[PDB]
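> All letters in the sequence shown, in the order written, are residues 71 to 156 by my numbering. There's a structure below that I have some questions on.
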Amino acid sequence: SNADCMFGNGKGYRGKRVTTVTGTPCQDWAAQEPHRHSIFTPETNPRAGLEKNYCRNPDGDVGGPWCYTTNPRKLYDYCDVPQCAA
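In structure tokens, the structure reads:
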């Protein structure tokens with residue numbers, strides 16, 4: 071596959087999904103915008119492969135990969151990337 075898929079929780083999810091389960095665009099892990107988060111950035115989590123706004127699981131939530139949303143409703147949510155390790 072093009073490797074836009076997660077392995078388990080998405081800890082080694084090296085994909086490029088950029089939307090929550092709703093399709094709400096994931097914010098840039100790098101951007102505090104419009105959700106300021108000096109956490110789960112590429113620079114605070116240089117082990118979970120956080121690039122741009124592509125979904126990731128820095129914490130390896132056992133529910134799956136997530137991101138921060140550009141949605142003024144919630145700070146973060148889960149993404150909808152298929153299981154690569156399946």
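C-beta atoms are modelled at their ideal positions from N, C-alpha and C, and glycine is treated no differently.
Here's the rule I'm using: 16 or more other beta-carbon atoms within 10 Å means buried, otherwise exposed. How should residue 145 be labelled?
exposed
> Check for me: the beta strand (DSSP E) holding residue 138 runs from which residue to which?
136 to 138
> Counting Cβ pairs closer than 8 Å, one from the segment 71 to 89 and one from the segment 123 to 137, do we hit at least three?
yes
> Among 83, 72, 73 and 71, which has the Cα closest to the Cα of residue 149?
83
> Based on the DSSP secondary-structure assignment, which residues constitute the bridge partners of residue 153?
76
> For the beta strand (DSSP E) holding residue 83, just list the boundary residues, first then last.
Taken as a continuous stretch (DSSP letters only), residue 83 belongs to no beta strand (DSSP E), as it is neither H nor E.
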